[PDB]
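Reading through the structure tokens given below for one structure.
Laboratory data are not the source of any read-out in this text; all were calculated from the coordinates shown. Note that we place each Cβ from the backbone using ideal geometry, even for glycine, and neighbour counts take in every protein chain shown.
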Number of protein chains: 10
Amino acid sequence: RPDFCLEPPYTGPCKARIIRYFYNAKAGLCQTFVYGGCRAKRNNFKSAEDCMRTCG
Amino acid sequence: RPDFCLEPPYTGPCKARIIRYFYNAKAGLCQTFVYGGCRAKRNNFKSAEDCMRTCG
Amino acid sequence: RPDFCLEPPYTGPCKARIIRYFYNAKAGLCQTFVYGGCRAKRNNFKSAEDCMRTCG
Amino acid sequence: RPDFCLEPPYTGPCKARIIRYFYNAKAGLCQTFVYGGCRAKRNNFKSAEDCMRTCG
Amino acid sequence: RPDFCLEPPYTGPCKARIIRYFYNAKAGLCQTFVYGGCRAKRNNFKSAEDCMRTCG
Amino acid sequence: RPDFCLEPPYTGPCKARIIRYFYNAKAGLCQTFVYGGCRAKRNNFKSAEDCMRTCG
Amino acid sequence: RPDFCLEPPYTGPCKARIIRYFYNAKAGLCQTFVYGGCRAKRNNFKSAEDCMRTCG
Amino acid sequence: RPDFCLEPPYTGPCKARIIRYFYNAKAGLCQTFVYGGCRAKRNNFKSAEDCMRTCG
Amino acid sequence: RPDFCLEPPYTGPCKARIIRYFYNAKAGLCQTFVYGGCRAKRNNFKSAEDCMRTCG
Amino acid sequence: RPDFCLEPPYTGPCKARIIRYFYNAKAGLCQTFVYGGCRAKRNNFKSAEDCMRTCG
């Protein structure tokens, strides 16, 4: 799996509260987290399916 | 039905206010609840259909 | 994980061609499959998120 | 529950193949069925949540 | 039309601000209202189409 | 209500089978119909809410 | 074009902050505006496509 | 407006039947057309809003 | 690519917090940003696909 | 960028016709393609945003 899948989720500085998925290496599962709307990092997926396919 | 379908809904520590479904054993129906966006428990479905099929 | 998560995907007799998720025990990942629109079995999730949470 | 919740699903004369929900009295659950796109009857819900709240 | 179609809209105790439809008997039309995310009453439809078919 | 609200539904020459709403003056309700994807007429709403507000 | 298409956008008394479209006669284009979730006026479309077809 | 807004809609070689919007210079409006799923040209918008804002 | 693709994102005076895409010339990629709901500028796409096609 | 981003799109054996995104290394852009509904490969994103972030 790509290296960025090991990064912890990053909400970023913005103020929106949107749900995104991230690969949780420890649990070996994609989980949700609140993304702020800007300055996203690589371990941030709009679609769960894409999360598990890229990082699972 | 799976045992987690008996757990009460868990909003979690996060600050988003997203609607999700959970199986209400007492009512024998899936209902909505506000999910904060992170650290979800098993009795939490994004889709009502999946809720009633897994827990109903 | 619930036992239905071990069932293979069931398209059913109907004619629609809708994408749904199912837990693929051998891959240990949820994947897509075409659902016909009726007579669904338990290993069939409208949302990938619900799939990995219930069966992952 | 309203009386229409006891009607069996009606696909209708049209040619589209859209998924809709209907209350299956015998199962006491809302399930999917393929709607043709026209001449819908009362036991036909676009949203699973609405189905179980109206008929459940 | 079902009797619940006469109830006025109920936002409920929750804090989310989601748009839902309700049948406005006086106007004989479904209209929107802000649903809080929990403890919904019968006159609350996620889909406008469902509102007008059930109550219209 | 606008005059186009009295026009009957027009599927058009195209081949897609998309659900749209149209105001059925006779029934005094918006209903669904299968739109072909092109050459739409005025009595064609992507949103049921818009149909009933514009023509209802 | 219907006369309501000339009305300026009405947010309404409610507290939700949903995006809707309205026909901006002066720009001769549909644009976005924040709808509060209740007490909507006619120049308020959930779908941009509906706005331009009804008012454009 | 960008020059591509003057191009006529291109369905492409693929077989899907998805609705998209294109700017119709003659009508000075964005309209729908059936996109095949591949080899899209510039005058092809997934969102009506983006169509009218880029080309309108 | 159109010149507006070089403009930095504009959130606008409104108070909604919706995610939109804008072309970031320096990164040569479309990214997200929080849009207020009104007074949008051209480098603002509701769909990421439209973003990269128009500006990429 | 991950290696899978260099793979060409794979429709697969299934019969559904759903649009997905893939990274087109030659064009240095994500584009659409028709996915069959099953047996997906890694260069297949349900969301354009995820595509450009993972592969762009």
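Which condition number in (1) touching a residue at least 12 places away in the same chain (Cβ under 8 Å); (2) assigned to a loop (DSSP other than H, G, I, E, B); (3) hydrophobic (A, V, I, L, M, F, W, C) is the one that residue D:27 fails?
The one condition residue D:27 does not meet is (1).
Exactly one condition in (1) within 14 Å of residue H:56 (Cβ to Cβ); (2) in a strand (DSSP E or B); (3) not small (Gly, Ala, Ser) is not met by residue G:53; state its number.
Of the numbered conditions (1) within 14 Å of residue H:56 (Cβ to Cβ); (2) in a strand (DSSP E or B); (3) not small (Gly, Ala, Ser), the odd one out for residue G:53 is (2).
Taking the conditions exactly as written (assigned to a helix (DSSP H, G or I) and either closer than 20 Å to residue I:16 by Cβ or more than 12 Å from chain C (Cβ to nearest Cβ) (or both)), does residue A:5 satisfy them or not? Steps first, answer last, please.
Working: assigned to a helix (DSSP H, G or I): yes; either closer than 20 Å to residue I:16 by Cβ or more than 12 Å from chain C (Cβ to nearest Cβ) (or both): yes.
Answer is yes for this residue.
Every residue in segment A:1-31 that is of a type in the set (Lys, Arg) and surrounded by fewer than 19 Cβ atoms within 10 Å (Cβ to Cβ), please. Please lay out each step first, then the result.
First, the residues of segment A:1-31 that are of a type in the set (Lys, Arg): A:1, A:15, A:17, A:20, A:26.
Selection gives A:1, A:15, A:17, A:26.
Confirm whether residue C:39 is crowded, with 19+ Cβ neighbours inside 10 Å and either more than 9 Å from the chain's Cα centre (by Cα) or aromatic (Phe, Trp, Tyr) (or both).
Values: crowded, with 19+ Cβ neighbours inside 10 Å: no; either more than 9 Å from the chain's Cα centre (by Cα) or aromatic (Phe, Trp, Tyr) (or both): yes.
No: the conditions fail for residue C:39.
Of everything in segment G:42-56, what is hydroxyl-bearing (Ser, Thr, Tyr) and buried (at least 23 other Cβ atoms within 10 Å of the Cβ)? Give them in sequence order.
Residues of segment G:42-56 hydroxyl-bearing (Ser, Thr, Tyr): G:47, G:54.
Residue satisfying the conditions is G:54 alone.
Going by the structure shown, is residue F:48 under 14 Å from residue H:31 (Cβ atoms), within 11 Å of chain D (Cβ to nearest Cβ) and touching a strand residue (DSSP E or B) at 6+ places or on another chain (Cβ under 7 Å)? Talk me through it step by step, then tell me what you get.
Details: under 14 Å from residue H:31 (Cβ atoms): no; within 11 Å of chain D (Cβ to nearest Cβ): yes; touching a strand residue (DSSP E or B) at 6+ places or on another chain (Cβ under 7 Å): yes.
No: the conditions fail for residue F:48.
Results for (1) outside any loop (DSSP other than H, G, I, E, B); (2) within 11 Å of chain F (Cβ to nearest Cβ); (3) of a type in the set (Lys, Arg), shown as yes or no for each residue.
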site: E:1; (1), (2), (3): no, no, yes
site: E:9; (1), (2), (3): no, no, no
site: E:12; (1), (2), (3): no, no, no
site: E:15; (1), (2), (3): no, no, yes
site: E:31; (1), (2), (3): yes, yes, no
site: E:41; (1), (2), (3): no, no, yes
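Which residues, counting only those in segment E:1-24, are touching a residue at least 24 places away in the same chain (Cβ under 8 Å), touching a strand residue (DSSP E or B) at 6+ places or on another chain (Cβ under 9 Å) and farther than 12 Å from residue E:55 by Cα?
Once the filter is applied, which keeps residues that are touching a residue at least 24 places away in the same chain (Cβ under 8 Å), touching a strand residue (DSSP E or B) at 6+ places or on another chain (Cβ under 9 Å) and farther than 12 Å from residue E:55 by Cα, segment E:1-24 yields E:8, E:9, E:10, E:11, E:12, E:14, E:20.
What are the residues in segment G:30-47 that are in contact with a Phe, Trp or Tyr (Cβ under 7 Å, 6 or more places away or on another chain) and free of Cβ contacts under 8 Å to residues at least 24 places away in the same chain, if any?
Across segment G:30-47, the qualifying residues are G:31, G:32.
If residue A:27 passes every condition in (1) over 10 Å from the mean Cα position of the chain (by Cα); (2) away from chain C (no Cβ under 11 Å) but one, which one does it miss?
(2)
Testing residue I:34 on (1) surrounded by fewer than 17 Cβ atoms within 10 Å (Cβ to Cβ); (2) among the hydrophobic types (A, V, I, L, M, F, W, C); (3) within 17 Å of residue A:40 (Cα to Cα), one condition comes back false. Which one is that?
So residue I:34 meets the others, but not (1).
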